[PDB]
Peer 1: 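Have a look at this one before I ask anything.
Lettering of chains follows the sequences in order, A, B, ..., and the numbering in each one begins at 1. Because only heavy atoms are used, hydrogens play no part in the values below, and waters and symmetry mates are left out as well, while side chains stay in.
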Amino acid sequence: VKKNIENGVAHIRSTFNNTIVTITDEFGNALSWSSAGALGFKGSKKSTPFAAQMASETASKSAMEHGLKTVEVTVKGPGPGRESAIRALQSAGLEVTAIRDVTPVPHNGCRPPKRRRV
RNA sequence: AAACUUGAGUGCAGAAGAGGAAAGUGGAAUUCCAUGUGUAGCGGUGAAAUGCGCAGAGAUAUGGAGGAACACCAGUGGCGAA
C-alpha cells in the first residue's frame, strides 16, 4: 500500500483554462495528481496562479506520503500558473533538482484551428 | 546592290538561385489504437453548456498505425512570363 520512491518527476501542464500537476517516478509511473478543477476552482479562478500553487501543493503532499523527497520538473503549456506550481513543490518540501520545458512544437505539421472571430 | 558592328544572337571563361518534373530518405507534431502507473474530473467560455470520464477519462510512460505539412535557417532575401 506504501511505495518508497525517493526520486521522481513532477509534470506541470499549465494552460489558459487549467493547471494540472502529476508527480511520477523517473520511469513515468504516476504517484499523485491535482488540478485547479479538482480543488474546486471554477472558470477564471482555474487558471489563476493561486489555483496552480494549491494544485502543486496537494499533489506534492500526497507524493511525499509515498516517500518522494527530490523532484525533476517538466513544464508544458503557456498558462499563467507555471511558476507558482514550481515554487509550491519547493514549499511542499520537495527539492527541485532540475526544471525543463517540454511544451510540444511542430516542425510545420498539422493545420491549426480557425481564428476566433469574437 | 555592297559594306559595318554598336542592336540581337553564338562561342569562350565564370556566378547565384524555394525555377520545373520524377523517384527516394528524414525529424518534429497531431489523431487513433495497445498496454503500465494512476484518479474524479477533463474540456470549453465573457459566463456556460453540449461533449468526454468514472465500463478508469484527462494526465504520465512506452509501443504501434496512418496521413498531411516541413520549426530554426528566413531577409522590402532568392528564382520564375504570370
Peer 1: Is the side chain of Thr24(A) donor-acceptor paired with the backbone N or O of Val9(A) at a distance under 3.5 Å, no angle test?
Peer 2: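 Pair found, side chain donor or acceptor close to backbone of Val9(A).
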Peer 1: Identify, via the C1'-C2'-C3'-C4' dihedral, which side the sugar of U39(B) sits on: north or south.
Peer 2: south
Peer 1: Is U76(B) syn or is it anti, if syn means the base angle is within 90 degrees of 0?
Peer 2: syn
Peer 1: Would you say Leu39(A) and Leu89(A) are hydrophobically clustered, going by side-chain heavy atoms of ILVMFWY under 4.5 Å?
Peer 2: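 In one cluster with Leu39(A): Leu89(A), no.
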Peer 1: Report the residue (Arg13(A) or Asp25(A)) whose heavy-atom-nearest nucleotide on RNA chain B is the more 5′ of the two.
Peer 2: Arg13(A)
Peer 1: Over how many whole Å does the gap from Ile20(A) atom CD1 to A40(B) atom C1' extend?
Peer 2: 11 Å
Peer 1: Is the phosphate of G44(B) approached by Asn17(A) (side-chain N or O, under 4.0 Å from OP1 or OP2)?
Peer 2: yes
Peer 1: Is the base of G14(B) stacked on the base of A15(B), in that the six-ring centres lie under 5.5 Å apart and the planes are under 30° off?
Peer 2: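 The answer, once centre distance and plane angle are checked, is that they stack.
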Peer 1: Would you confirm whether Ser47(A), through its side chain, and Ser44(A), through its main-chain N or O, come within 3.5 Å as a donor-acceptor pair?
Peer 2: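 Here the side-chain-to-backbone pair exists.
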Peer 1: Take atom NE2 of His66(A) and atom P of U39(B), then tell me their distance rounded to the nearest Å.
Peer 2: 7 Å
Peer 1: Can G53(B) be described as syn, meaning its chi torsion is within 90° of 0, or is it anti?
Peer 2: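 For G53(B), whose glycosidic angle is more than 90° from 0, the conformation is anti.
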Peer 1: Which sugar class, north or south, is indicated for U30(B) by the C1'-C2'-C3'-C4' dihedral?
Peer 2: north
Peer 1: Should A15(B) form a Watson-Crick or G-U wobble pair with both distances under 3.5 Å, which nucleotide is its partner?
Peer 2: none
Peer 1: Is there a side-chain contact between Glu83(A) and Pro49(A), using heavy atoms and a 4.5 Å cut-off?
Peer 2: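 Sidechains of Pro49(A) and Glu83(A): no contact.
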Peer 1: Assign each of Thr15(A) and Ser32(A) to its nearest nucleotide of RNA chain B by heavy atoms, then name whichever residue's nucleotide is nearer the 5' end.
Peer 2: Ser32(A)
Peer 1: Detail all sub-3.5 Å separations between protein N/O atoms and N/O atoms belonging to nucleotides 47-51 of chain B.
Peer 2:
{"residue": "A47(B)", "atom": "OP1", "partner": "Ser44(A)", "partner atom": "OG", "Å": "2.9"}

Peer 1: Determine the Euclidean distance between corresponding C1' atoms of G44(B) and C52(B); express it in Å to zero decimal places.
Peer 2: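 That atom pair is separated by 12 Å.
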Peer 1: Keeping the roles fixed (side chain from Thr48(A), backbone from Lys45(A)), state whether a donor-acceptor pair exists under 3.5 Å.
Peer 2: yes
Peer 1: Taking the same atom, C1', in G38(B) and in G58(B), what whole-Å distance lies between them?
Peer 2: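 Here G38(B) and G58(B) have their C1' atoms 11 Å from each other.
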Peer 1: May I ask you to say what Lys3(A) touches in the nucleic acid, namely base, sugar-phosphate or nothing, with a heavy-atom cut-off under 4.0 Å?
Peer 2: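 Since only primed, P, OP1 and OP2 atoms lie under 4.0 Å of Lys3(A), the category is sugar-phosphate.
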Peer 1: As a test of reading torsions: judging only by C1'-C2'-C3'-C4', is the sugar of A13(B) on the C3'-endo (north) or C2'-endo (south) side?
Peer 2: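 North (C3'-endo side).
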Peer 1: Work out the sugar pucker of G56(B) as north or south, treating a positive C1'-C2'-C3'-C4' as north.
Peer 2: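 Here the torsion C1'-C2'-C3'-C4' comes out negative, placing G56(B) south.
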Peer 1: Please measure how far the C1' atom in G66(B) lies from the corresponding atom in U30(B), and state the result in whole Å.
Peer 2: 12 Å
Peer 1: As a test of reading torsions: judging only by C1'-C2'-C3'-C4', is the sugar of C70(B) on the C3'-endo (north) or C2'-endo (south) side?
Peer 2: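 Negative torsion, so south.
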Peer 1: What is the distance, to the nearest angstrom, from the CD atom on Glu26(A) to the P atom on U62(B)?
Peer 2: 13 Å
Peer 1: Nearest-Å distance, CD1 (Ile23(A)) to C1' (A61(B))?
Peer 2: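 It works out to 15 Å between those atoms.
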Peer 1: Measuring only the P atom in each nucleotide, how far is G20(B) from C42(B)? A whole number of Å is fine.
Peer 2: 49 Å
Peer 1: Is there a Watson-Crick or G-U wobble partner for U50(B) with both distances under 3.5 Å, and if so, which one is it?
Peer 2: none
Peer 1: With both distances under 3.5 Å as the test, what is the Watson-Crick or G-U wobble partner of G78(B)?
Peer 2: none
Peer 1: So, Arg82(A) side chain and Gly77(A) main chain: donor-acceptor pair closer than 3.5 Å or not?
Peer 2: yes
Peer 1: Whole Å only: how far is the CD atom of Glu72(A) from the P atom of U60(B)?
Peer 2: 15 Å
Peer 1: Using the side chain to side chain contact (heavy atoms under 4.5 Å, CB included) criterion, which residues pair with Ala92(A)? Sequence neighbours excluded.
Peer 2: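 For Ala92(A), the residues satisfying side chain to side chain contact (heavy atoms under 4.5 Å, CB included) (neighbours in sequence not counted) are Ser60(A).
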Peer 1: In this structure, how many angstroms lie between the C1' atom of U60(B) and the CZ atom of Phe27(A), rounded?
Peer 2: 14 Å
Peer 1: Hydrophobic clustering (ILVMFWY, side-chain heavy atoms < 4.5 Å, transitive) - are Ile20(A) and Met54(A) grouped together?
Peer 2: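 Different clusters.
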Peer 1: Hydrophobic clusters here meaning ILVMFWY residues chained together by side-chain heavy-atom distances under 4.5 Å, can you tell me if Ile86(A) and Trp33(A) are in one?
Peer 2: no
Peer 1: Measure the distance from CD on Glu65(A) to P on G38(B) and round it to the nearest whole Å.
Peer 2: 15 Å
Peer 1: Tell me which residues in residues 103-118 of chain A put a heavy atom below 4.0 Å from RNA chain B, sorted by number, or none.
Peer 2: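 Within this stretch, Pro104(A), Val105(A), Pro106(A), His107(A), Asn108(A), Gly109(A), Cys110(A), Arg116(A) sit under 4.0 Å of the strand.
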Peer 1: If you look at every heavy atom in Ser84(A) and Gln53(A), which pair is closest and at what distance?
Peer 2: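 That would be OG-N, 3.7 Å.
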Peer 1: Using the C1' atom as the reference point in each nucleotide, state the distance between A71(B) and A8(B) in Å, no decimals.
Peer 2: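 After rounding to an integer number of Å, I get 48 Å for this pair.
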Peer 1: For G24(B), which nucleotide in any strand shown is its Watson-Crick or wobble partner with both distances under 3.5 Å?
Peer 2: none
Peer 1: Could you check whether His66(A) and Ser32(A), counting side-chain N and O atoms only, form a donor-acceptor pair closer than 3.5 Å?
Peer 2: no
Peer 1: Paired with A34(B): which nucleotide, if any, by Watson-Crick or G-U wobble criteria at under 3.5 Å for both distances?
Peer 2: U62(B)
Peer 1: Examine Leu68(A) and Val75(A) and state if one hydrophobic cluster contains both, with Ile, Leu, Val, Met, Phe, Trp and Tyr joined whenever side-chain heavy atoms are less than 4.5 Å apart.
Peer 2: yes
Peer 1: If we check the six-membered rings of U37(B) and its strand neighbour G38(B), are the centres under 5.5 Å apart with planes under 30°?
Peer 2: yes
Peer 1: Say we look at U45(B) and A65(B): how far apart would their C1' atoms be, to the nearest angstrom?
Peer 2: 35 Å
Peer 1: Expressed in angstrom and rounded to an integer, what is the separation of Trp33(A) atom CH2 from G58(B) atom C1'?
Peer 2: 8 Å
Peer 1: So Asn18(A), base contact, sugar-phosphate only, or nothing? Heavy-atom distance under 4.0 Å.
Peer 2: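 The answer is sugar-phosphate, as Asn18(A) gets under 4.0 Å only of primed atoms, P, OP1 or OP2.
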Peer 1: Can a donor-acceptor pair be found, under 3.5 Å and without considering hydrogens, that links the side chain of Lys46(A) to the backbone of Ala36(A)?
Peer 2: no
Peer 1: Does a side-chain N or O of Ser35(A) approach OP1 or OP2 of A59(B) to a distance below 4.0 Å, or not?
Peer 2: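 No, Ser35(A) has no side-chain N/O under 4.0 Å of OP1/OP2 on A59(B).
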Peer 1: On a whole-Å scale, what distance lies between the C1' atoms belonging to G27(B) and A69(B)?
Peer 2: 13 Å
Peer 1: In whole Å, what separates the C1' atom of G17(B) from that of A61(B)?
Peer 2: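 One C1' to the other, the span is 47 Å.
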